[PDB]
Trainee: 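Handing you this structure, nothing more for now.
Starting from 1, each residue takes its place in the sequence as its number. Each ligand, and each atom within it, is numbered from 1 in the order the structure gives. Side chains are part of it too, since the values below use all heavy atoms of this structure and drop only hydrogens, waters and symmetry mates.
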Amino acid sequence: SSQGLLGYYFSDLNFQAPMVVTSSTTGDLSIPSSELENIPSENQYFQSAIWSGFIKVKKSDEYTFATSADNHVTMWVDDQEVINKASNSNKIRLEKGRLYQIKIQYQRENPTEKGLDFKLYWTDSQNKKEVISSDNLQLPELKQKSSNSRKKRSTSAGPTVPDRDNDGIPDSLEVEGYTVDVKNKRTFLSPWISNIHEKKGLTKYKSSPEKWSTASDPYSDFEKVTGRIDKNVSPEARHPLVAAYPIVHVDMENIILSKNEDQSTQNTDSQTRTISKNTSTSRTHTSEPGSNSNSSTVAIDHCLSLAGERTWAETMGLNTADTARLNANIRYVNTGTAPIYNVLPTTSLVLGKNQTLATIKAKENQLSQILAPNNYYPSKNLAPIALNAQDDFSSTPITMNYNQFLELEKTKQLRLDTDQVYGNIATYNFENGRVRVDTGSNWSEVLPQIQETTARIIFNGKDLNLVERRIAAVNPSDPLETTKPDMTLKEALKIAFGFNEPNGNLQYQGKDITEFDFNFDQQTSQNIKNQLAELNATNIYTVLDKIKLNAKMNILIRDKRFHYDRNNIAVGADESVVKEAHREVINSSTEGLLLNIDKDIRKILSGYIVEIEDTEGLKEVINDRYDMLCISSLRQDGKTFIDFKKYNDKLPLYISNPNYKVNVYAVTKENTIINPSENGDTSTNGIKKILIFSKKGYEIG
Ligand SMILES: [Ca+2]
Ligand SMILES: [Ca+2]
């Protein structure tokens, strides 16, 4: 269905102005005028055409070839002319299971009809003539190398359409602009024409005529735009200027810490003294010069979980000579644009700056499923992976000494560093129109080139999580890379992250571009500064369509509402923003508050502090402990309930005097205390908080 001969249909007589490039599954190479909706009526007159591919016969025999227009045709089989401007009774011997190159040229001057009616026939030794069936025809080998059976070029005999990189798109289209439309089981590739195509919201493609994959990834410019590609490749990466590659990090969902058994004690009969905590993990990005790395950071729940106020050591019965042990549930997350099939990258679990506690490895070539873009492994509908799986007798214990365990308690942070070892690639095969994992093709052979020739943009507009995309961009000092289209910052945002501009205003899902900030590494910053100076522009937001990207730039774009740590994780926001987000209150009572809170805002709140203030202005903190601030919960109707009773002995607030104020403060992640202070103080004293509700008792009820 994606198989057959590849056809180039030209408006001119000499193979110079290609109007349509498309394939035909059978020897019916026609394009009826009804399919020429996206081309000007006057260009719908085709004066020449070239078809190429292979024929493979099901039975050896002598065949005679013929077309609908033998007087206008020259046809070559494996460099031999079989038709030369006249009908031929000549018979050529073809052997079963063998592949023969086919090239056909057609020239007509002043056709009176639009489109082209053209059929390729053959007749066997028994005088049975028919249009060549689909099972006999194959596409040209539009790859960077030949196969054992199929040569990547066509015989030098006759017309050669300029296709320097052999992807199947003519040089001239790649440079001047093209578009793709599907009509009737077929994809038509045609020249971009402003006054027909723009108003259809069709995409204008450009790509390098000298790079088979303009983004230096493993899928050709032609494969991408015609859908001859792994269906799991992200939609944005079907654009020849957007890189298709995996990006993998590890998400830890929860953790369990125990005391490690010892040679010395025979007693294994004891009471459970484990510590189980939920964990929150985010993919990170650091200002580290030239990082091309996968890392994530793990936050261990500091909310009150166990009785008393003991230290972890006390809870577990851990003394200074004992060792502790860690287990966890994790999943792999592909935030990139291409799938992984037969490997999973290796990961270091790290305490502090550089204390590696474990190496996490999956079994090579034994994946239970694909790891697809915007997805997880295992998929969310399945159980996650345990670091020490139940009856895995080969799983190395994750062990900590007493000081490390104490360090974990203090920081309540782990880091997961994941390498870029992603295994083999599923590529399109022009012989059978199938996509299959190619064991001779490895992501390790592709990543460096992608990283080297693209501009990287990292954007958190989607749920405040960091998403990286890479866009093909000129490298002024690399001749080949100068053959690629100019890429503007505006265009990059459109194609890589789906920004649009419905009213001449660049937006991401309703949010104006000005709601996001720009952050550049040193080189990128100097480059853009220089560009702005040349434009005599003082404000980047007003010249996004004039800023050009170059290979190796790094750009980070974040939602301005938030404060960010060094990992570019959102950890706070302005008092103003936080107050506004709680301002609209549904219900209030002695039991709690009922609120409607922005989904992103909630991400940066770690808790709430509830306090009653008497008339002399003295305050009584109801939940007065650093670990008692998680009193909010999200209801299944999406509202947030801040619950006063939770840490008030399950009792509604008692308000002695209706002139007393009930104040509720919000605490952001960056201001959260996760351990007692060194004086041992567990109180909320000194905690930086934001007043978000203050009502006298009688305004409350
Ligand atoms: Ca090409
Ligand atoms: Ca190309």
Trainee: Please say which of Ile471, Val467, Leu556 ends up in a side-chain contact (heavy atoms from CB on, under 4.5 Å) with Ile457.
Mentor: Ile471
Trainee: Inspect the surroundings of CD in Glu113 and state if more than 12 heavy atoms from other residues, nucleotides or ligands are less than 6.0 Å away.
Mentor: no
Trainee: By the definition ring pair (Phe, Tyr, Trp, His ring centres under 6.0 Å), identify the one residue from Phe118, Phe15, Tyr8 that meets it with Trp51.
Mentor: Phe118
Trainee: For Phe516, is the NZ or CZ atom of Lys511 found under 6.0 angstrom from the centre of its six-membered ring and inside 45 degrees of the ring axis?
Mentor: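 Pair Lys511/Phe516 counts as cation-pi.
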Trainee: Determine whether the side chains of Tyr332 and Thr418 contain a donor N or O and an acceptor N or O closer than 3.5 Å.
Mentor: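 Checked: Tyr332/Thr418 side chains show no N/O donor-acceptor pair below 3.5 Å.
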Trainee: Looking at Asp163, pick out the N, O or S atom nearest to the Ca ion (ligand 1) and give its name.
Mentor: OD1
Trainee: For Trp76 and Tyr100: C-alpha separation, side-chain torsions, deciding distance, then whether ring-ring contact (aromatic ring centres under 6.0 Å, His included) applies.
Mentor: CA-CA 10 Å; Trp76 296 263; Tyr100 299 84; over 10 Å; no
Trainee: Pull up every protein N/O/S atom sitting under 3.0 Å from the Ca ion (ligand 2), skipping waters.
Mentor: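 As for protein N, O or S atoms lying under 3.0 Å from the Ca ion (ligand 2), they are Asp165 OD2, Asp167 OD2, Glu174 OE1, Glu174 OE2, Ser208 O, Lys211 O, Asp221 OD2.
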